[PDB]
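First up is the structure itself, then whatever we jot down about it.
Neighbour counts run over all protein chains shown; Cβ positions are idealised from the backbone, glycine included. All of this is worked out from the model, or read from it or from the source named; none is laboratory data.
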Amino acid sequence: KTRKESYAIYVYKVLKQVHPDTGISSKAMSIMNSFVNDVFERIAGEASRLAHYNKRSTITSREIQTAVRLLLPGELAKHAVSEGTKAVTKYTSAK
Amino acid sequence: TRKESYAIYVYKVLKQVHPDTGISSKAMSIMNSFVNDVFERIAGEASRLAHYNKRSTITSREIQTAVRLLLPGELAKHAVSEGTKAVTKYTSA
Amino acid sequence: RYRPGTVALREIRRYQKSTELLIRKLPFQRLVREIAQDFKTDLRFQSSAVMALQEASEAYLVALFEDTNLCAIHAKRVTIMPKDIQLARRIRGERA
Amino acid sequence: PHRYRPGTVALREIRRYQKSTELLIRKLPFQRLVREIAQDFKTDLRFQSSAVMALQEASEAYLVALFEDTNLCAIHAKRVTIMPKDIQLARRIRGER
Amino acid sequence: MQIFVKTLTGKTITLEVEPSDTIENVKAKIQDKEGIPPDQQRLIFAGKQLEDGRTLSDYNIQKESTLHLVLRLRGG
Amino acid sequence: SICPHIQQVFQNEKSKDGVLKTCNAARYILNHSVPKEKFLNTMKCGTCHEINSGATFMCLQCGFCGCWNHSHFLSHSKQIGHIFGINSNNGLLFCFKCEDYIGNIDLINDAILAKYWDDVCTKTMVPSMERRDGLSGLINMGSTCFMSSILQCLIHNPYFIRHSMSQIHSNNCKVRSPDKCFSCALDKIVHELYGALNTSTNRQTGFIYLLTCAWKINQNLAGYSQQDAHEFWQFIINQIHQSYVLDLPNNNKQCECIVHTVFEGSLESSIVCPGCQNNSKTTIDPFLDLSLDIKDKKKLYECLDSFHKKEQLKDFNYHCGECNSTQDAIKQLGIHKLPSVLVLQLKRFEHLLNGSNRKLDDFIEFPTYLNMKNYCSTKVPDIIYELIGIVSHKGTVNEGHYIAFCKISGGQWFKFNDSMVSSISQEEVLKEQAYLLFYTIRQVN
Amino acid sequence: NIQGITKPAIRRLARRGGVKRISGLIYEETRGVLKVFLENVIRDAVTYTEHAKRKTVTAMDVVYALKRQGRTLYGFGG
Amino acid sequence: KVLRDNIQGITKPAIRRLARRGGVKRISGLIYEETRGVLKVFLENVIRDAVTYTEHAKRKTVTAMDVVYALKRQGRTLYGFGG
Amino acid sequence: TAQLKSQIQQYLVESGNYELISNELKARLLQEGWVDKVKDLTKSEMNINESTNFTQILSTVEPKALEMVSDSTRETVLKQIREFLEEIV
Amino acid sequence: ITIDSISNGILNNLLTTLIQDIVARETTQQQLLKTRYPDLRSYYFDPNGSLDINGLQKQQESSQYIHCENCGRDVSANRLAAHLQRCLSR
Amino acid sequence: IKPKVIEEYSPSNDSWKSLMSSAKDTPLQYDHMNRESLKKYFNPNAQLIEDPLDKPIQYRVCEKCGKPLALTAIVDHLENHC
Amino acid sequence: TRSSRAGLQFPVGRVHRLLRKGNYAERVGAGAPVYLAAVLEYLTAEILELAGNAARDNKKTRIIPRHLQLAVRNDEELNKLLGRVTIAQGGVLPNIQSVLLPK
Amino acid sequence: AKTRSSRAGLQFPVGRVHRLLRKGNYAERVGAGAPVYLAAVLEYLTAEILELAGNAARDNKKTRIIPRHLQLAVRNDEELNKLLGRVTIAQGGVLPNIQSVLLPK
DNA sequence: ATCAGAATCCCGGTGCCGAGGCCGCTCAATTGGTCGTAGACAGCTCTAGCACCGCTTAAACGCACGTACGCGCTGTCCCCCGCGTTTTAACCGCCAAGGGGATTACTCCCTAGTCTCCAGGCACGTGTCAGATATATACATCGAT
DNA sequence: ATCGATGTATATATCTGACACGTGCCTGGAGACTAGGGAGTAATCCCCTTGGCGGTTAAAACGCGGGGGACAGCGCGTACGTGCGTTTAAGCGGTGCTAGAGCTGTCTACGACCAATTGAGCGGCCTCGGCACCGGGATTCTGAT
Ligand SMILES: [Zn+2]
Ligand SMILES: [Zn+2]
Ligand SMILES: [Zn+2]
Ligand SMILES: [Zn+2]
Ligand SMILES: [Zn+2]
Ligand SMILES: [Zn+2]
Ligand SMILES: [Zn+2]
Ligand SMILES: [Zn+2]
């Protein structure tokens, strides 16, 4: 048997965190997984393009922030940047 | 400082095709940008194919199928024929 | 007996409320196999591939029909015409 | 006195502008407009002439394509004069919002 | 009239201000002498932060007053 | 056990009412007695007449006073039989036959409401064991680390507790809506921490209303984004003043709110020209806080000395009348009136040439007791403060976390995190990077 | 063959898009358009399968062919 | 110094010539506002993109490579400026 | 005589010196945390003795708190009251 | 008689007065604590700094959920700031 | 001793109850807070609490509303506010 | 682990491994995977919130692809982002032109 | 022949293409026949484009090539127009196209 | 305005299979440690973007006058829609059957790497004629008769 | 149909600045040899795909008729096309220089590699209740009168 990876557990945890009494089917789970993979590959491609344009072989949080600001509309990119900065703060507080 | 381009090669090709025709600098920059864009497109297609086939290397078959998928029928066929001829001439030497 | 136009709006509502596939699977699969016979022979096909092909074709046809309806409405008419489809495909950039 | 009929000068100017390839939009007003638009995102910015020329060329090409689509829509509408609704329909079919 | 503004290093400065002027005017006067962007500048007087669109005469600011220039410290 | 000698007199009604009537008068005397006659009448013995010869006890039935060091008041009980004496130093009752004070009877402790004592035992109750101090954390709903830290020092603020428990706002509010007024929302929080909602998602409902109210005025300070803690301090204290003038029945510069009557001070500026030293025109400017720089300094007195340090104006157009010449005067800031609670802000940030900023991570020494005799404008006696609150920030100029440290009655410090409330030693908080300080009035000599 | 897409299917597809009245040549027009689109997509899928050194077309091949033409579709393990 | 009223710099004969190049025969009097709005939207988009690319580069001058990248990302690849 | 110590205490409050000597005594002790140290002693006494008897606790803390008063706090107040007693004697 | 002898008695009079003032206030406060709360226990002190006053660790977030009063939805703790920006703006 | 203290300055039978009339007109007096320094360096309407951290918060909880009420505000809440 | 240190739910290790094996650059920073995981978590949380709202509007407990399609098409920013994206079993919006309506 | 370009009988630098492929982070390992194939394809494309440009320039009786000639050559062909449908050429212009309905009778 | 007649939504009941929890499982993230260099930092050098002025001039603006077609209205022909009747193969469920896709172990060969050496292409400098510019001439074409 | 005139195509001198060519030198490309890990190939399993059969039933197909929709034709008056006087802002020649772009020397702290491990993540089972299906009644439009 092949031990393939997926994202069902994390999506289900997020759903139960935002909606305790709400289910989900397998088709919606596959759609969410495909959407997550697409957004991930888009952001990675943007980061690689910026790194190659700036002649740098390192991908830091600044490149990711600029990529998510360029790829997403104004308010959505601002909210994502605030969430990312909060996560970075929480990660840098402890170790 | 130094800066690489493809001016001399395009000039040689033009002289081998039209030996009595000049070229301006703007047309040279346009041709350079076009060549760079085509190279980037073909490299990206080859990388996507190698990652879909789970291969860590890239052979002539990947470039062949990439130019097949990128160019229309007659153009892709002529490009594949020229590439196969060049590969055969290089392997024979 | 109902007047012309009411059953049309009723069918429009019924088909906009539904989400199933209005085209049967077996003739579409036979047509797909007949088209694929030209490129290569002795080819197998999965059910999910045919389902995705049908979904994409239906979505594209729905979008083209919506664009044709918009063009026909702008043309001060009520009935669509092939010229509307041609203009839509020309403005879309797909047609040469 | 001599007087031309309407439509001749229009076709003559169409042919003249389709033969030549120079920039119909002048430099200084477009540059000032670009600088004013860029002032809102960040102040104290400097621009190269090549970037302004490229922006002008791109805007002119986009406007030419939009006018061609508007002319196609107006011809399909059994009319000759273009109207803002033609541009609206062209931008709707193009998917631009 | 002339008032006093306390900088970040403790040194006080003097700016020529008029009672009819708004806070947008003094935000430029501090900038041409220090270069600090006005969005990060916090002007505090009598424990009250100066808001945009209001003149100094509405905040009961008199001649030879003393302002406080401070910055922000975000956290969360 | 309970003192049986005071329980025997409790059996009679008139005898119990008589002793409860005189202590309320005795405590009223000590609160309104001139210090001159205080030692001559309340702290002078009857036998030796020595001043403060131990604990001086006043008699319960007559005007005899005896010292403690020579058993002069104890002999009054061994000869006449008055074993119940009130100490003039604190107003407590001491029993001679029990050799101990009476500190387990709420009747004598609340003898000022002895006329309605029958009602307090029925309709009121004593606080619970776990809610006697209101120690509870606030669940961080996002980037609200700066919001919860500011509310924590106000919960254990004795001036805010007396103003909230007195029900002054609730009895004078016009709208009386918790989701509209800040004072009505703060009263729900103190009711949720010090009391009990009728009748773990607990002790957190009142904090939700504060976010709902703040969103209606300024959504930027709703805790969704990381903001400054000092800016949130001056924002909430100003709205309390705005809600007080709204509740007024119907001109005066000084307000009578809880903020203007506690935290409001006044500065004094002088522009000393070196011509004739007759300068200057005094200008008084009120204030609510003090911002102090910490560059190239290590102690709290060094930062306060720089604020009081004289400075020479180099860009000030001047035209004197004493010397009648354009000179560079000397600017000096003095303190005119001191507030009851002094708050100090430390500018832990510097400016660079490229416009960027850097956080000052240099440790600043600060004592638990601060003397303010060297910073008055107009000799001076000793004036001492006491540290009761410390707000510490850790991070950068645009990213960090807030952790507050507050002290409660009894000299016990605590670590006031978002959801972690724990005790801590006194010497540990004196070593943290303090961003805000809280000094209240203790003693004026 | 190509006559599998009958008149009622095209009428239902037009009703879904909001069409009230349909002409007589729209059927053949959509037939030709669908034929061209299916030819292109099947050519892409066949090229992908032949490069995959297999004889069975999978769903991933169709997903990649749709992503190439800018028609990314979700719900098929893409 | 702040700029103002530069949107009116696109005069009527400029849009007239732009329509003549596209093959328009007769033009109405209500096309200029729509053209100005569309041009302003496009310029705002490309300028936002260019400013973002320049801010990521930690520079204060906008070069041509940033404009080329911004046009390439929007599906408007332009040749004749290198890259 | 027994009336000698009464007269010096009588004039000391009349002249106003009695209040200031009490102020500086509490000032120096509060600036060094001496009040805090004696409060740590009493809470520890209730732990070892397990009793709330006032005379039992006071018999322990009162003789103990005498020596913890540093000589720096002592030599200053005695020097200052000598300036105050010799005003009449 | 000497001068230094009387000064010691004056200092001893003020010393016992302030000493008896502090202990008298501490004994009554403790007397009320155990009388009103016979089962009173002190707050837990953690020398490592990993437990609260009750001896428990910090609960994970957002393992808890808060019941909103505007819409009656059980929203998590961390998502509460994002939920209030949309239910209140209706 | 010098008679100067006896000339103009100047068991007893007095009682502490004799100062009842004088206690009904003087304002609130504190232990270690000088009144002269209040008007000289503090605000006249400034609230003052001598040693606030000596004892815990003295308050009671109602039976119906459960509001933490101060000792002086117990009777007022039970009449027209409970 | 590392996700608990940042208070997130998405795995940081898997994202870091995918960035390492993705051949996007030579070296990968430490703060980039946490930022990417936070952005993805916010996006999927928004999508799931909209899907739950659309399901509650239809009196259902399990989310169907129709609810996802409706939630995506009803929003403006999501429609602008997912413009060239099609959803299987999604459907179209119930839109009817004004001219086609009778008298 | 010392250079790999001369051994294959091409004009584009095989070594430069190999270096760009190895440094472009496109894959881990690189084959041997891919650079020659890519160089041959690029050479054929450039040869076709230069043929069209030379024809367009000879049609205008000019010695050198201007971007207008390149625009005309790309817009005249069908395969190159489909390949460069989203590519804009600076100083290229438009095609001399006039609708029949606008022409007078 | 009214009402008989279909279309459709909701309620109650009955039945069913996909999903959330569960148990066993195992392999890649975590921890402690070390070695290596891309990148941050400070310093120096240079260069073109910008305000400035001054002068010249083609294009933008406003105004008069004329005209032709977008819209409205009328009328006239006809072709998809609603309905009814006849046909039909899609789908459902079941049963056979095989061969290509997935998985494991073996060898093997080609290329990433390292050390060494040279000429192809880079900027830099310099010569040079193709085409823009301006003048004049012949002419295709358009408006009114 | 004819005639005038008006902008347009073409010949010719010529000046010049961008284009073509010589030259030096450096570093990236070419030669030669090696290790070692990714890839081709032999072998095996099974499940995933293809093929055939029985029925019956909603969908497909054909014909009637018809009325609303598509389309041809005339009125018109207003908004756009064309031309001319006015001037105003656009465009070329240099003018000074400095803040910012670009190259270089230097130190280090953050990132890759590696050994153990174990627990968080994945494959398999299972029951049920949220959802699918069906019958019936009330509900809500719609067209003729
Ligand atoms: Zn007595
Ligand atoms: Zn005595
Ligand atoms: Zn007793
Ligand atoms: Zn209120
Ligand atoms: Zn006030
Ligand atoms: Zn003077
Ligand atoms: Zn709500
Ligand atoms: Zn009550």
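Checking the conditions here, which among H:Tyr79, H:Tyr53 is touching a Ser or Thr at 6+ places or on another chain (Cβ under 8 Å) and more than 20 Å from D:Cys73 (Cα to Cα)?
From the options H:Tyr79, H:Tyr53, the qualifying one is H:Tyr79.
In region J:15-48, which residue that is more than 7 Å from chain F (Cβ to nearest Cβ), part of a loop (DSSP other than H, G, I, E, B) and not polar (S, T, N, Q) is farthest from F:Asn140 (Cα to Cα)?
J:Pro38
When you scan region M:49-102, how many residues do you find that are within 14 Å of chain H (Cβ to nearest Cβ), assigned to a helix (DSSP H, G or I) and of a type in the set (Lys, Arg)?
2
Restricting to region F:220-241, count the residues that are assigned to a helix (DSSP H, G or I) and either within 16 Å of DNA strand N (Cβ to nearest atom) or more than 11 Å from chain E (Cβ to nearest Cβ) (or both).
Taking region F:220-241 first, the residues assigned to a helix (DSSP H, G or I) are F:220-221, F:229-241.
If we keep only those that are either within 16 Å of DNA strand N (Cβ to nearest atom) or more than 11 Å from chain E (Cβ to nearest Cβ) (or both) as well, we get F:220-221, F:236, F:239-240.
Selection size over region F:220-241: 5.
Could you identify the single residue in A:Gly45, A:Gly84 that is at the interface with chain L (Cβ under 7 Å from one of its Cβ atoms) and either part of a helix (DSSP H, G or I) or at positive phi (or both)?
A:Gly84
If I go through region K:49-82 residue by residue, how many of them are charged (D, E, K, R) and within 16 Å of ligand 4 (Cβ to nearest atom)? Step through it out loud before you land on a result.
Start the filter on region K:49-82 by keeping residues that are charged (D, E, K, R), which leaves K:50-51, K:54-55, K:60, K:63-64, K:67, K:76, K:79.
Those left that are additionally within 16 Å of ligand 4 (Cβ to nearest atom): K:67.
Counting residues in region K:49-82 that are charged (D, E, K, R) and within 16 Å of ligand 4 (Cβ to nearest atom) gives 1.
So if I check each of J:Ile1, J:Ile66, J:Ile10, which one is hydrophobic (A, V, I, L, M, F, W, C) and surrounded by fewer than 14 Cβ atoms within 10 Å (Cβ to Cβ)? Don't jump to the end; show me each part of the working.
Numbers: J:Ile66 fails: surrounded by fewer than 14 Cβ atoms within 10 Å (Cβ to Cβ); J:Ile10 fails: surrounded by fewer than 14 Cβ atoms within 10 Å (Cβ to Cβ).
Selected residue: J:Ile1, the only one of J:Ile1, J:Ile66, J:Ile10 that is hydrophobic (A, V, I, L, M, F, W, C) and surrounded by fewer than 14 Cβ atoms within 10 Å (Cβ to Cβ).
What pairs come out if I take residues in region E:9-28 that are in a helix (DSSP H, G or I) and pair them with residues that are surrounded by fewer than 16 Cβ atoms within 10 Å (Cβ to Cβ) whose C-beta lies under 6 Å away, six or more apart or interchain?
Correct list of pairs: E:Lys27/E:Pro38.
Take F:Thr42 and decide whether it is closer than 14 Å to K:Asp31 by Cα, polar (S, T, N, Q) and in the same structural domain as F:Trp117 (by CATH).
Details: closer than 14 Å to K:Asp31 by Cα: yes; polar (S, T, N, Q): yes; in the same structural domain as F:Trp117 (by CATH): yes.
Against the criterion (closer than 14 Å to K:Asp31 by Cα, polar (S, T, N, Q) and in the same structural domain as F:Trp117 (by CATH)), F:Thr42 qualifies.
Just checking: which of the strands (runs of 3 or more DSSP E) contained wholly in region F:253-367 hold 3 or more residues that are among the small types (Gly, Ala, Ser), assigned by CATH to the domain that holds F:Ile384 and away from DNA strand N (no atom under 16 Å from the Cβ)?
Fully inside region F:253-367 and qualifying: F:265-272.
Taking the options F:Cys213, F:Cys276, name whichever one is within 25 Å of F:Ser136 (Cβ to Cβ) and either within 16 Å of ligand 2 (Cβ to nearest atom) or more than 14 Å from chain E (Cβ to nearest Cβ) (or both). Working first, answer last.
Working: F:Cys276 fails: within 25 Å of F:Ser136 (Cβ to Cβ).
So the residue among F:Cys213, F:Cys276 that is within 25 Å of F:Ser136 (Cβ to Cβ) and either within 16 Å of ligand 2 (Cβ to nearest atom) or more than 14 Å from chain E (Cβ to nearest Cβ) (or both) is F:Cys213.
Please go through region H:52-83 and pick out each residue that is touching a strand residue (DSSP E or B) at 6+ places or on another chain (Cβ under 9 Å) and within 14 Å of chain M (Cβ to nearest Cβ).
Scanning region H:52-83 gives H:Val67, H:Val68, H:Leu71, H:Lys72, H:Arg76, H:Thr77, H:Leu78, H:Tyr79, H:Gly80.
For region F:312-348, which positions are of a type in the set (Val, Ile, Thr) and within 16 Å of ligand 6 (Cβ to nearest atom)?
Selection gives F:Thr326, F:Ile330.
Counting only residues that are surrounded by fewer than 16 Cβ atoms within 10 Å (Cβ to Cβ) and among the hydrophobic types (A, V, I, L, M, F, W, C), which one in region D:11-40 is farthest from ligand 1 (Cβ to nearest atom)?
Per the stated criteria, the residue is D:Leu23.
Restricting attention to region G:6-51, which residues are at the interface with another protein chain (Cβ under 7 Å from one of its Cβ atoms) and in a loop (DSSP other than H, G, I, E, B)?
Across region G:6-51, the qualifying residues are G:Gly18, G:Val19, G:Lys20, G:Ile22, G:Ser23, G:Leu25.
For region A:4-23, how many residues are among the acidic types (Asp, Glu) and either in contact with a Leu (Cβ under 8 Å, 6 or more places away or on another chain) or under 20 Å from L:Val12 (Cβ atoms) (or both)?
1
Just for helices (runs of 4 or more DSSP H) wholly inside region C:1-95: which have at least 2 residues that are within 8 Å of chain G (Cβ to nearest Cβ) and within 27 Å of L:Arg66 (Cβ to Cβ)?
Result: C:6-17, C:25-39, C:47-74.
Can you say whether C:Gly5 is in contact with a helix residue (DSSP H, G or I) (Cβ under 9 Å, 6 or more places away or on another chain), away from ligand 1 (no atom under 16 Å from the Cβ) and on the phi > 0 side of the Ramachandran plot, as far as the supplied structure shows?
no
Against the condition surrounded by fewer than 21 Cβ atoms within 10 Å (Cβ to Cβ), touching a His at 6+ places or on another chain (Cβ under 6 Å) and either of a type outside the set (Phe, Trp, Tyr) or in a loop (DSSP other than H, G, I, E, B) (or both), how does M:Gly15 come out, does it pass? Break it down stepwise before answering.
Details: surrounded by fewer than 21 Cβ atoms within 10 Å (Cβ to Cβ): yes; touching a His at 6+ places or on another chain (Cβ under 6 Å): no; either of a type outside the set (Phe, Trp, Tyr) or in a loop (DSSP other than H, G, I, E, B) (or both): yes.
Judged against the criteria, M:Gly15 is not a match.
Might you let me know whether region F:78-88 holds any residue that is more than 16 Å from ligand 5 (Cβ to nearest atom), on the phi < 0 side of the Ramachandran plot, in a helix (DSSP H, G or I) and more than 34 Å from the chain's Cα centre (by Cα)?
Yes, region F:78-88 contains a residue that is more than 16 Å from ligand 5 (Cβ to nearest atom), on the phi < 0 side of the Ramachandran plot, in a helix (DSSP H, G or I) and more than 34 Å from the chain's Cα centre (by Cα).
Out of the residues in region M:45-95 that are surrounded by fewer than 18 Cβ atoms within 10 Å (Cβ to Cβ) and of a type in the set (S, T, N, Q), state the one that is nearest to B:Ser24 (Cα to Cα).
Once the filter is applied, the top-ranked residue is M:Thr63.
When the residues of region J:12-66 are filtered to those that are among the basic types (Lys, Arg) and more than 16 Å from the chain's Cα centre (by Cα), which remaining residue is nearest to A:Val14 (Cα to Cα)?
This residue is J:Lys58.
Among the residues of region M:93-100, are any within 18 Å of the chain's Cα centre (by Cα) and of a type in the set (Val, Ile, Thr)?
Among the residues of region M:93-100, not one is within 18 Å of the chain's Cα centre (by Cα) and of a type in the set (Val, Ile, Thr), which makes the answer no.
Determine if region B:16-25 includes at least one residue that is touching a helix residue (DSSP H, G or I) at 6+ places or on another chain (Cβ under 6 Å), part of a helix (DSSP H, G or I) and crowded, with 19+ Cβ neighbours inside 10 Å.
No.
Criterion first (at the interface with chain B (Cβ under 8 Å from one of its Cβ atoms), of a type outside the set (A, V, I, L, M, F, W, C), more than 16 Å from ligand 7 (Cβ to nearest atom) and assigned to a helix (DSSP H, G or I)) does M:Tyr26 satisfy it?
no
Out of all the residues in region D:53-74, is one or more farther than 25 Å from H:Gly75 by Cβ and away from ligand 3 (no atom under 16 Å from the Cβ)?
Among the residues of region D:53-74, at least one is farther than 25 Å from H:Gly75 by Cβ and away from ligand 3 (no atom under 16 Å from the Cβ), which makes the answer yes.
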